[PDB]
Each structure stands twice: as C-alpha cells, then as structure tokens.
Amino acid sequence: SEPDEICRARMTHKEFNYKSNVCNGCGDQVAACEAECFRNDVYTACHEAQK
C-alpha cells in the first residue's frame with residue numbers, strides 16, 4: 001500500500017496529460033487506468049483500441 005507519486009515524477013508534465021487524456025477515454029475505468037500508473041490491461045486495451 002504505497003503512493004503512486006513516484007509514477008508522476010518519473011514521467012514529464014506533458015506525459016501525465018497525454019496518459020490521463022486517454023484514460024478518460026477508456027471509459028468508466030479511469031481509477032483502474034491510473035491504478036497501475038497507466039500500466040495495466042485496462043489502459044493497454046483501451047489505448048490500443050483508441051483511434
């Protein structure tokens with residue numbers, strides 16, 4: 001049970017905006033999209049299925 005602040009510091013400001021932008025598109029799984037810092041099947045699937 002640790003914070004995901006490291007994930008935000010690891011990426012750039014623009015990155016957080018891009019990832020988050022797509023996250024809101026995946027659907028109602030936003031929480032899950034950021035759950036693993038954009039590192040999950042939920043996002044990997046949506047993002048790949050996002051034109």
# chains A, B, ... in the order shown; residues from 1 in each chain; ligands from 1
>>> residues_around(residues="stretch 18-34 of chain A", least_positions_apart="4", cutoff="10 Å", atoms="only C-alpha atoms", output="ChimeraX atom specification")
/A:4,7,12-14,38-50
>>> write_last_selection(atoms="C-alpha atoms", output="compact mmCIF listing (two decimals), in the first residue's frame")
# COMPACT_ATOMS: atom_id res chain seq x y z
CA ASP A 4 1.81 6.49 -6.88
CA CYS A 7 4.99 7.46 -11.27
CA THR A 12 7.03 14.54 -17.66
CA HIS A 13 4.19 17.04 -17.28
CA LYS A 14 3.17 16.51 -20.91
CA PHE A 38 -1.06 3.58 -16.79
CA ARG A 39 0.48 0.11 -16.57
CA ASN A 40 -2.46 -2.30 -16.81
CA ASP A 41 -4.53 -4.30 -19.29
CA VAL A 42 -7.43 -1.88 -18.82
CA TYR A 43 -5.44 1.02 -20.28
CA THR A 44 -3.33 -1.12 -22.62
CA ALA A 45 -6.57 -2.41 -24.14
CA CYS A 46 -8.44 0.90 -24.37
CA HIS A 47 -5.42 2.86 -25.59
CA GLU A 48 -4.80 0.25 -28.29
CA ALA A 49 -8.49 0.45 -29.20
CA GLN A 50 -8.38 4.25 -29.31
>>> select_by_dssp(residues="chain A", states="alpha helix (DSSP H)", output="PDB file with N, CA, C and O atoms, in the first residue's frame")
ATOM      1  N   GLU A   5       2.954   8.568  -6.373  1.00  0.00           N
ATOM      2  CA  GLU A   5       3.561   9.860  -6.669  1.00  0.00           C
ATOM      3  C   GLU A   5       4.842   9.687  -7.478  1.00  0.00           C
ATOM      4  O   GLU A   5       5.217  10.561  -8.262  1.00  0.00           O
ATOM      5  N   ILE A   6       5.511   8.555  -7.281  1.00  0.00           N
ATOM      6  CA  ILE A   6       6.750   8.267  -7.994  1.00  0.00           C
ATOM      7  C   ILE A   6       6.507   8.154  -9.495  1.00  0.00           C
ATOM      8  O   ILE A   6       7.354   8.536 -10.303  1.00  0.00           O
ATOM      9  N   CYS A   7       5.344   7.626  -9.863  1.00  0.00           N
ATOM     10  CA  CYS A   7       4.988   7.462 -11.267  1.00  0.00           C
ATOM     11  C   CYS A   7       4.854   8.817 -11.957  1.00  0.00           C
ATOM     12  O   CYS A   7       5.220   8.971 -13.122  1.00  0.00           O
ATOM     13  N   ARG A   8       4.330   9.797 -11.228  1.00  0.00           N
ATOM     14  CA  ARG A   8       4.147  11.138 -11.769  1.00  0.00           C
ATOM     15  C   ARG A   8       5.489  11.852 -11.915  1.00  0.00           C
ATOM     16  O   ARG A   8       5.694  12.622 -12.853  1.00  0.00           O
ATOM     17  N   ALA A   9       6.396  11.591 -10.981  1.00  0.00           N
ATOM     18  CA  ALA A   9       7.718  12.205 -11.007  1.00  0.00           C
ATOM     19  C   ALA A   9       8.610  11.546 -12.054  1.00  0.00           C
ATOM     20  O   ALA A   9       9.544  12.163 -12.565  1.00  0.00           O
ATOM     21  N   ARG A  10       8.315  10.289 -12.368  1.00  0.00           N
ATOM     22  CA  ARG A  10       9.093   9.545 -13.352  1.00  0.00           C
ATOM     23  C   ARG A  10       8.798  10.040 -14.765  1.00  0.00           C
ATOM     24  O   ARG A  10       9.667  10.017 -15.636  1.00  0.00           O
ATOM     25  N   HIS A  13       5.489  16.395 -17.389  1.00  0.00           N
ATOM     26  CA  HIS A  13       4.186  17.039 -17.284  1.00  0.00           C
ATOM     27  C   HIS A  13       3.313  16.700 -18.488  1.00  0.00           C
ATOM     28  O   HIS A  13       2.142  16.351 -18.341  1.00  0.00           O
ATOM     29  N   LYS A  14       3.891  16.805 -19.680  1.00  0.00           N
ATOM     30  CA  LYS A  14       3.167  16.508 -20.911  1.00  0.00           C
ATOM     31  C   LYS A  14       2.696  15.058 -20.928  1.00  0.00           C
ATOM     32  O   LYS A  14       1.595  14.759 -21.391  1.00  0.00           O
ATOM     33  N   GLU A  15       3.536  14.161 -20.422  1.00  0.00           N
ATOM     34  CA  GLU A  15       3.204  12.742 -20.380  1.00  0.00           C
ATOM     35  C   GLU A  15       1.950  12.502 -19.544  1.00  0.00           C
ATOM     36  O   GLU A  15       1.016  11.833 -19.985  1.00  0.00           O
ATOM     37  N   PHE A  16       1.937  13.051 -18.335  1.00  0.00           N
ATOM     38  CA  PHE A  16       0.800  12.896 -17.436  1.00  0.00           C
ATOM     39  C   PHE A  16      -0.487  13.382 -18.099  1.00  0.00           C
ATOM     40  O   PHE A  16      -1.563  12.834 -17.864  1.00  0.00           O
ATOM     41  N   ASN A  17      -0.365  14.414 -18.927  1.00  0.00           N
ATOM     42  CA  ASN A  17      -1.518  14.974 -19.624  1.00  0.00           C
ATOM     43  C   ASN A  17      -2.003  14.030 -20.720  1.00  0.00           C
ATOM     44  O   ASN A  17      -3.206  13.841 -20.904  1.00  0.00           O
ATOM     45  N   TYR A  18      -1.059  13.441 -21.445  1.00  0.00           N
ATOM     46  CA  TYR A  18      -1.390  12.518 -22.525  1.00  0.00           C
ATOM     47  C   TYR A  18      -2.043  11.252 -21.978  1.00  0.00           C
ATOM     48  O   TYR A  18      -3.137  10.873 -22.397  1.00  0.00           O
ATOM     49  N   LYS A  19      -1.365  10.601 -21.039  1.00  0.00           N
ATOM     50  CA  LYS A  19      -1.878   9.379 -20.432  1.00  0.00           C
ATOM     51  C   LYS A  19      -3.260   9.609 -19.831  1.00  0.00           C
ATOM     52  O   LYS A  19      -4.200   8.863 -20.107  1.00  0.00           O
ATOM     53  N   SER A  20      -3.378  10.647 -19.009  1.00  0.00           N
ATOM     54  CA  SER A  20      -4.646  10.973 -18.366  1.00  0.00           C
ATOM     55  C   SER A  20      -5.731  11.235 -19.407  1.00  0.00           C
ATOM     56  O   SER A  20      -6.876  10.815 -19.245  1.00  0.00           O
ATOM     57  N   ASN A  21      -5.360  11.931 -20.477  1.00  0.00           N
ATOM     58  CA  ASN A  21      -6.299  12.250 -21.545  1.00  0.00           C
ATOM     59  C   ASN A  21      -6.947  10.983 -22.097  1.00  0.00           C
ATOM     60  O   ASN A  21      -8.166  10.912 -22.249  1.00  0.00           O
ATOM     61  N   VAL A  22      -6.121   9.985 -22.394  1.00  0.00           N
ATOM     62  CA  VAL A  22      -6.612   8.719 -22.928  1.00  0.00           C
ATOM     63  C   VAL A  22      -7.381   7.938 -21.868  1.00  0.00           C
ATOM     64  O   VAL A  22      -8.359   7.254 -22.173  1.00  0.00           O
ATOM     65  N   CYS A  23      -6.933   8.043 -20.621  1.00  0.00           N
ATOM     66  CA  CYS A  23      -7.578   7.348 -19.515  1.00  0.00           C
ATOM     67  C   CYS A  23      -9.068   7.673 -19.464  1.00  0.00           C
ATOM     68  O   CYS A  23      -9.904   6.780 -19.326  1.00  0.00           O
ATOM     69  N   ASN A  24      -9.393   8.957 -19.576  1.00  0.00           N
ATOM     70  CA  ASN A  24     -10.781   9.399 -19.542  1.00  0.00           C
ATOM     71  C   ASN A  24     -11.560   8.842 -20.730  1.00  0.00           C
ATOM     72  O   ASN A  24     -12.790   8.850 -20.740  1.00  0.00           O
ATOM     73  N   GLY A  25     -10.833   8.355 -21.731  1.00  0.00           N
ATOM     74  CA  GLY A  25     -11.470   7.796 -22.908  1.00  0.00           C
ATOM     75  C   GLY A  25     -11.761   6.316 -22.764  1.00  0.00           C
ATOM     76  O   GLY A  25     -12.752   5.815 -23.298  1.00  0.00           O
ATOM     77  N   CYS A  26     -10.896   5.613 -22.041  1.00  0.00           N
ATOM     78  CA  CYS A  26     -11.064   4.180 -21.829  1.00  0.00           C
ATOM     79  C   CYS A  26     -12.481   3.862 -21.360  1.00  0.00           C
ATOM     80  O   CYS A  26     -13.008   2.784 -21.631  1.00  0.00           O
ATOM     81  N   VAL A  30     -11.334   4.866 -15.254  1.00  0.00           N
ATOM     82  CA  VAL A  30     -10.285   5.847 -15.010  1.00  0.00           C
ATOM     83  C   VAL A  30      -9.419   5.443 -13.822  1.00  0.00           C
ATOM     84  O   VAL A  30      -8.192   5.404 -13.921  1.00  0.00           O
ATOM     85  N   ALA A  31     -10.064   5.141 -12.701  1.00  0.00           N
ATOM     86  CA  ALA A  31      -9.353   4.738 -11.495  1.00  0.00           C
ATOM     87  C   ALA A  31      -8.386   3.594 -11.785  1.00  0.00           C
ATOM     88  O   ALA A  31      -7.245   3.602 -11.324  1.00  0.00           O
ATOM     89  N   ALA A  32      -8.850   2.613 -12.550  1.00  0.00           N
ATOM     90  CA  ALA A  32      -8.026   1.463 -12.902  1.00  0.00           C
ATOM     91  C   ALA A  32      -6.896   1.865 -13.844  1.00  0.00           C
ATOM     92  O   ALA A  32      -5.786   1.339 -13.757  1.00  0.00           O
ATOM     93  N   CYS A  33      -7.186   2.799 -14.744  1.00  0.00           N
ATOM     94  CA  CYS A  33      -6.196   3.271 -15.703  1.00  0.00           C
ATOM     95  C   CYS A  33      -4.962   3.815 -14.989  1.00  0.00           C
ATOM     96  O   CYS A  33      -3.831   3.572 -15.408  1.00  0.00           O
ATOM     97  N   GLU A  34      -5.189   4.554 -13.906  1.00  0.00           N
ATOM     98  CA  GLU A  34      -4.097   5.133 -13.134  1.00  0.00           C
ATOM     99  C   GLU A  34      -3.722   4.231 -11.961  1.00  0.00           C
ATOM    100  O   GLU A  34      -2.713   4.454 -11.292  1.00  0.00           O
ATOM    101  N   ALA A  35      -4.542   3.215 -11.719  1.00  0.00           N
ATOM    102  CA  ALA A  35      -4.297   2.279 -10.629  1.00  0.00           C
ATOM    103  C   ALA A  35      -2.868   1.748 -10.673  1.00  0.00           C
ATOM    104  O   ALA A  35      -2.178   1.713  -9.654  1.00  0.00           O
ATOM    105  N   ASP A  41      -3.822  -3.828 -18.109  1.00  0.00           N
ATOM    106  CA  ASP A  41      -4.534  -4.302 -19.290  1.00  0.00           C
ATOM    107  C   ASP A  41      -5.686  -3.369 -19.643  1.00  0.00           C
ATOM    108  O   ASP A  41      -6.005  -3.175 -20.816  1.00  0.00           O
ATOM    109  N   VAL A  42      -6.309  -2.792 -18.620  1.00  0.00           N
ATOM    110  CA  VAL A  42      -7.427  -1.878 -18.820  1.00  0.00           C
ATOM    111  C   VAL A  42      -7.043  -0.738 -19.757  1.00  0.00           C
ATOM    112  O   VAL A  42      -7.750  -0.448 -20.723  1.00  0.00           O
ATOM    113  N   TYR A  43      -5.917  -0.095 -19.467  1.00  0.00           N
ATOM    114  CA  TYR A  43      -5.440   1.016 -20.281  1.00  0.00           C
ATOM    115  C   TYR A  43      -4.811   0.511 -21.576  1.00  0.00           C
ATOM    116  O   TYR A  43      -5.054   1.055 -22.654  1.00  0.00           O
ATOM    117  N   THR A  44      -4.000  -0.537 -21.463  1.00  0.00           N
ATOM    118  CA  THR A  44      -3.335  -1.117 -22.623  1.00  0.00           C
ATOM    119  C   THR A  44      -4.345  -1.541 -23.682  1.00  0.00           C
ATOM    120  O   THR A  44      -4.069  -1.472 -24.879  1.00  0.00           O
ATOM    121  N   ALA A  45      -5.519  -1.977 -23.234  1.00  0.00           N
ATOM    122  CA  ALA A  45      -6.571  -2.409 -24.144  1.00  0.00           C
ATOM    123  C   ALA A  45      -7.289  -1.213 -24.760  1.00  0.00           C
ATOM    124  O   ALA A  45      -7.437  -1.125 -25.978  1.00  0.00           O
ATOM    125  N   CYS A  46      -7.736  -0.294 -23.909  1.00  0.00           N
ATOM    126  CA  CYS A  46      -8.440   0.896 -24.368  1.00  0.00           C
ATOM    127  C   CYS A  46      -7.557   1.729 -25.291  1.00  0.00           C
ATOM    128  O   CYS A  46      -7.946   2.056 -26.413  1.00  0.00           O
ATOM    129  N   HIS A  47      -6.365   2.069 -24.812  1.00  0.00           N
ATOM    130  CA  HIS A  47      -5.424   2.864 -25.593  1.00  0.00           C
ATOM    131  C   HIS A  47      -5.226   2.261 -26.981  1.00  0.00           C
ATOM    132  O   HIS A  47      -5.271   2.969 -27.987  1.00  0.00           O
ATOM    133  N   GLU A  48      -5.006   0.951 -27.025  1.00  0.00           N
ATOM    134  CA  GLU A  48      -4.798   0.255 -28.289  1.00  0.00           C
ATOM    135  C   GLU A  48      -6.057   0.305 -29.151  1.00  0.00           C
ATOM    136  O   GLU A  48      -5.985   0.262 -30.378  1.00  0.00           O
TER     137      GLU A  48
END
>>> decode(residues="stretch 30-50 of chain A", atoms="N, CA, C and O atoms", output="PDB file, in the first residue's frame")
ATOM      1  N   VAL A  30     -11.334   4.866 -15.254  1.00  0.00           N
ATOM      2  CA  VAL A  30     -10.285   5.847 -15.010  1.00  0.00           C
ATOM      3  C   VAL A  30      -9.419   5.443 -13.822  1.00  0.00           C
ATOM      4  O   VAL A  30      -8.192   5.404 -13.921  1.00  0.00           O
ATOM      5  N   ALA A  31     -10.064   5.141 -12.701  1.00  0.00           N
ATOM      6  CA  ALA A  31      -9.353   4.738 -11.495  1.00  0.00           C
ATOM      7  C   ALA A  31      -8.386   3.594 -11.785  1.00  0.00           C
ATOM      8  O   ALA A  31      -7.245   3.602 -11.324  1.00  0.00           O
ATOM      9  N   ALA A  32      -8.850   2.613 -12.550  1.00  0.00           N
ATOM     10  CA  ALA A  32      -8.026   1.463 -12.902  1.00  0.00           C
ATOM     11  C   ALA A  32      -6.896   1.865 -13.844  1.00  0.00           C
ATOM     12  O   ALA A  32      -5.786   1.339 -13.757  1.00  0.00           O
ATOM     13  N   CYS A  33      -7.186   2.799 -14.744  1.00  0.00           N
ATOM     14  CA  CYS A  33      -6.196   3.271 -15.703  1.00  0.00           C
ATOM     15  C   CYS A  33      -4.962   3.815 -14.989  1.00  0.00           C
ATOM     16  O   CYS A  33      -3.831   3.572 -15.408  1.00  0.00           O
ATOM     17  N   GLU A  34      -5.189   4.554 -13.906  1.00  0.00           N
ATOM     18  CA  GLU A  34      -4.097   5.133 -13.134  1.00  0.00           C
ATOM     19  C   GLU A  34      -3.722   4.231 -11.961  1.00  0.00           C
ATOM     20  O   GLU A  34      -2.713   4.454 -11.292  1.00  0.00           O
ATOM     21  N   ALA A  35      -4.542   3.215 -11.719  1.00  0.00           N
ATOM     22  CA  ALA A  35      -4.297   2.279 -10.629  1.00  0.00           C
ATOM     23  C   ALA A  35      -2.868   1.748 -10.673  1.00  0.00           C
ATOM     24  O   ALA A  35      -2.178   1.713  -9.654  1.00  0.00           O
ATOM     25  N   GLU A  36      -2.431   1.335 -11.858  1.00  0.00           N
ATOM     26  CA  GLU A  36      -1.084   0.805 -12.033  1.00  0.00           C
ATOM     27  C   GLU A  36      -0.201   1.797 -12.784  1.00  0.00           C
ATOM     28  O   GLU A  36       0.719   1.408 -13.503  1.00  0.00           O
ATOM     29  N   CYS A  37      -0.490   3.083 -12.613  1.00  0.00           N
ATOM     30  CA  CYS A  37       0.276   4.134 -13.274  1.00  0.00           C
ATOM     31  C   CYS A  37       0.275   3.938 -14.786  1.00  0.00           C
ATOM     32  O   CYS A  37       1.328   3.932 -15.424  1.00  0.00           O
ATOM     33  N   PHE A  38      -0.916   3.779 -15.356  1.00  0.00           N
ATOM     34  CA  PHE A  38      -1.056   3.580 -16.794  1.00  0.00           C
ATOM     35  C   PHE A  38      -0.376   2.285 -17.233  1.00  0.00           C
ATOM     36  O   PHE A  38      -0.051   2.110 -18.406  1.00  0.00           O
ATOM     37  N   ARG A  39      -0.165   1.382 -16.280  1.00  0.00           N
ATOM     38  CA  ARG A  39       0.476   0.105 -16.567  1.00  0.00           C
ATOM     39  C   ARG A  39      -0.451  -1.057 -16.225  1.00  0.00           C
ATOM     40  O   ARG A  39      -0.222  -1.784 -15.260  1.00  0.00           O
ATOM     41  N   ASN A  40      -1.499  -1.226 -17.025  1.00  0.00           N
ATOM     42  CA  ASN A  40      -2.462  -2.299 -16.808  1.00  0.00           C
ATOM     43  C   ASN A  40      -3.161  -2.675 -18.111  1.00  0.00           C
ATOM     44  O   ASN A  40      -3.101  -1.939 -19.095  1.00  0.00           O
ATOM     45  N   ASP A  41      -3.822  -3.828 -18.109  1.00  0.00           N
ATOM     46  CA  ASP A  41      -4.534  -4.302 -19.290  1.00  0.00           C
ATOM     47  C   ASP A  41      -5.686  -3.369 -19.643  1.00  0.00           C
ATOM     48  O   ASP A  41      -6.005  -3.175 -20.816  1.00  0.00           O
ATOM     49  N   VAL A  42      -6.309  -2.792 -18.620  1.00  0.00           N
ATOM     50  CA  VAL A  42      -7.427  -1.878 -18.820  1.00  0.00           C
ATOM     51  C   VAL A  42      -7.043  -0.738 -19.757  1.00  0.00           C
ATOM     52  O   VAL A  42      -7.750  -0.448 -20.723  1.00  0.00           O
ATOM     53  N   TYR A  43      -5.917  -0.095 -19.467  1.00  0.00           N
ATOM     54  CA  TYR A  43      -5.440   1.016 -20.281  1.00  0.00           C
ATOM     55  C   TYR A  43      -4.811   0.511 -21.576  1.00  0.00           C
ATOM     56  O   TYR A  43      -5.054   1.055 -22.654  1.00  0.00           O
ATOM     57  N   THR A  44      -4.000  -0.537 -21.463  1.00  0.00           N
ATOM     58  CA  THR A  44      -3.335  -1.117 -22.623  1.00  0.00           C
ATOM     59  C   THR A  44      -4.345  -1.541 -23.682  1.00  0.00           C
ATOM     60  O   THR A  44      -4.069  -1.472 -24.879  1.00  0.00           O
ATOM     61  N   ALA A  45      -5.519  -1.977 -23.234  1.00  0.00           N
ATOM     62  CA  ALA A  45      -6.571  -2.409 -24.144  1.00  0.00           C
ATOM     63  C   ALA A  45      -7.289  -1.213 -24.760  1.00  0.00           C
ATOM     64  O   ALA A  45      -7.437  -1.125 -25.978  1.00  0.00           O
ATOM     65  N   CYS A  46      -7.736  -0.294 -23.909  1.00  0.00           N
ATOM     66  CA  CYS A  46      -8.440   0.896 -24.368  1.00  0.00           C
ATOM     67  C   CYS A  46      -7.557   1.729 -25.291  1.00  0.00           C
ATOM     68  O   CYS A  46      -7.946   2.056 -26.413  1.00  0.00           O
ATOM     69  N   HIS A  47      -6.365   2.069 -24.812  1.00  0.00           N
ATOM     70  CA  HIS A  47      -5.424   2.864 -25.593  1.00  0.00           C
ATOM     71  C   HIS A  47      -5.226   2.261 -26.981  1.00  0.00           C
ATOM     72  O   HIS A  47      -5.271   2.969 -27.987  1.00  0.00           O
ATOM     73  N   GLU A  48      -5.006   0.951 -27.025  1.00  0.00           N
ATOM     74  CA  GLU A  48      -4.798   0.255 -28.289  1.00  0.00           C
ATOM     75  C   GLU A  48      -6.057   0.305 -29.151  1.00  0.00           C
ATOM     76  O   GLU A  48      -5.985   0.262 -30.378  1.00  0.00           O
ATOM     77  N   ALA A  49      -7.211   0.394 -28.497  1.00  0.00           N
ATOM     78  CA  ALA A  49      -8.486   0.450 -29.202  1.00  0.00           C
ATOM     79  C   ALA A  49      -8.969   1.889 -29.348  1.00  0.00           C
ATOM     80  O   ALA A  49     -10.150   2.134 -29.593  1.00  0.00           O
ATOM     81  N   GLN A  50      -8.048   2.836 -29.196  1.00  0.00           N
ATOM     82  CA  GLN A  50      -8.382   4.251 -29.310  1.00  0.00           C
ATOM     83  C   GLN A  50      -7.720   4.868 -30.537  1.00  0.00           C
ATOM     84  O   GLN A  50      -6.493   4.951 -30.619  1.00  0.00           O
TER      85      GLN A  50
END
